[PDB]
Amino acid sequence: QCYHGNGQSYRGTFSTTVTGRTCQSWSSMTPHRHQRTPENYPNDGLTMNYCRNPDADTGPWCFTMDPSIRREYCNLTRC
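Read in the numbering used here, the sequence shown has 117 at position 18, and its numbers run on one by one without any break.
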């Protein structure tokens with residue numbers, strides 16, 4: 100189970116961007132501050148740092164550990 104479709108149902112624990120960079124916990128306003136958090140979107144599996152699709156993008160993504168790259172997709176195939 101990679102992801103399916105636009106991967107809105109992705110509920111896996113994969114956390115790396117296509118560029119090997121690492122994902123930022125969704126709760127955390129650091130490095131990047133967002134409103135796509137577990138307390139705003141109670142039903143979007145926004146667990147820890149896992150690759151999600153809270154906003155109907157085209158595959159799971161995540162903000163970054165890289166103070167410089169806010170977000171990026173994730174290294175997942177199209178199931």
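Built from N, CA and C at the ideal position, the CB exists for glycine as well.
Item: Cβ-Cβ distance between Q100 and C178 below 9 Å; Value: yes
Item: Identified DSSP bridge partners for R170; Value: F162
Item: Coil, strand or helix - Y102 by DSSP; Value: strand
Item: Inter-residue spacing [alpha-carbon to alpha-carbon] between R132 and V117; Value: 21 Å
Item: Spatially closest choice to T129 from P166, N174, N139, by CA coordinates; Value: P166
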